[PDB]
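We begin with a single chain expressed as structure tokens, specifically the form deposited in one PDB entry.
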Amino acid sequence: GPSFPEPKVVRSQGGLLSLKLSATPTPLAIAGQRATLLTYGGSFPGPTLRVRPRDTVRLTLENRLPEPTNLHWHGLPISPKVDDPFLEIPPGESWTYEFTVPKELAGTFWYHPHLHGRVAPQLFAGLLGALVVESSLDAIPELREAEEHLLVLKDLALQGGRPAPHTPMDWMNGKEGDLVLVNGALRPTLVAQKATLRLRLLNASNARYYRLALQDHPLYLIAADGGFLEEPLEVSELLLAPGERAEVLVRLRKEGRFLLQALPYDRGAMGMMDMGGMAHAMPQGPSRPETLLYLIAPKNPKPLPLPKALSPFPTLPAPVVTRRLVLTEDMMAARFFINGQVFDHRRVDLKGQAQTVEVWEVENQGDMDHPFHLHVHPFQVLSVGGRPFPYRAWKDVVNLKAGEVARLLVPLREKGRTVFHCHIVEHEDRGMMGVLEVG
């Protein structure tokens, strides 16, 4: 096969992507060992769905797991009557998701389970895949002539040939694994054929962060979670929290081998110690550095010029309300809260008006990083930690370090009941989620 493993692609045909996918325990070869994972479509990651605006998607999910499950179309601004976070598909049963891809949309999105209380073990076990919305912008020469790849960043731990079970500490921190994989492969080699690469990046891990840096190179950010930036942004490194996506251009500077690494990053995970009167919580500190892949540049690389512009960001109406959502923790109980409450599916927490804009101020009063996700309604991050964001683009996850306030501009789109929650999925399962009703 190709030196660089990527999930198989399923494309819409004549404007329709019609597909049956099973969620099933699947024996496979992974990082060199045989293991049984939970997969969609018999692979890890699941197949990449590639569509265009205005396509119809008709996806029939057959539940072949011993527990109920469902799908969240992460990042898609569609109706919460389709992307229904409350729906349960019992074992053995099927459900068909049908929706039209919005006209003004582009980027890398993904699908995974969202049945409250069961997300973390199901996601950790291998249930996820990417969805790419192709754009007319992809035809500009600066992108068309680039070599494009998807990088699904997901870690795993195995025990007795199966995903390792969650411990109590995993429920508190969010579970990380020792196998730090790209597209389900252990440190693959990407032998580039072109001097410019276009990489779509997805953090599909439960809890692991990726402080991305390519040796000797900057990255040029061209898209965030839910759409293009207005113009490329040069960065030295790029942190992707759980649930986030980004697209970058890489302009290979000279021949050679360059490591793409996940540099050390401290997200505030905790351990326990006993020093003589102790048993108390103590910071785990920064993650150990990981090599994600080996990037081999071609002979005499001459990268394309960068695009001068990408997509203009919409001019939003003035907002009609300001919300404050405060995140807190009870680490030893592994309980997590928004405005002092845990999720209750029967309780509506916020009620807003469709087609108005709101300002959401999300404050992390905990000590751990928490990546805040809102379904259905992509947002523009104005500032985090009091620092203005250096670009305009649609996002649907925003990372908050301890103490930080994020200020978001949130246009409300589809009517109905949906959710917002931490995307360290253990924290969501353990209560850090609330309900928004849009009418």
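Residues that one form lacks are left out of the comparison. Each residue number is its position in the shown sequence, starting from 1. Take the two forms, find the largest set of C-alpha atoms that superpose within 1.5 Å, and that set is the rigid core.
For the pair 270 to 278 and 95 to 103, the record assigns the higher mean C-alpha temperature factor to 270 to 278. Judged by mean Cα B factor in the deposited record, 280 to 288 ranks above the other of 170 to 178 and 280 to 288. Per the deposited coordinates, the residue with the largest Cα temperature factor out of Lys299, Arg211, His74, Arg198 is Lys299. Among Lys154, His149, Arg324, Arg251, the highest C-alpha B-factor recorded in the PDB entry belongs to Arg324. When the modelled residues of the chain are ordered by C-alpha B-factor, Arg257 sits in the highest third. In the deposited entry, the Cα temperature factor of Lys20 places it in the highest third of its chain's modelled residues. Among all modelled residues in its chain, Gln215 ranks in the middle third by Cα B-factor. The PDB entry assigns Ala29 a C-alpha temperature factor belonging to the highest third of its chain's modelled residues.
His373: CA B factor in the lowest third of modelled residues in this chain (values from the PDB entry).
Not on display, but discussed next: the form deposited in another entry.
With the core held fixed by superposition, the comparison between the shown form and the other one singles out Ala281 as the only member of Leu263, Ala281, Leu350, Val342 whose CA moves by at least 2 angstroms. Relative to the displayed conformation, the Cα-Cα distance from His280 to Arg267 shrinks by 3 Å or more in that other deposited form. Relative to this form, in that other deposited form the C-alpha atoms of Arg288 and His280 approach one another by 3 angstroms or more. Shifted stretches between the shown form and the other one, defined as 3+ consecutive common residues each with a CA displacement of 2 angstroms or more after rigid core fitting, are listed in sequence order as 1 to 3, 274 to 281.
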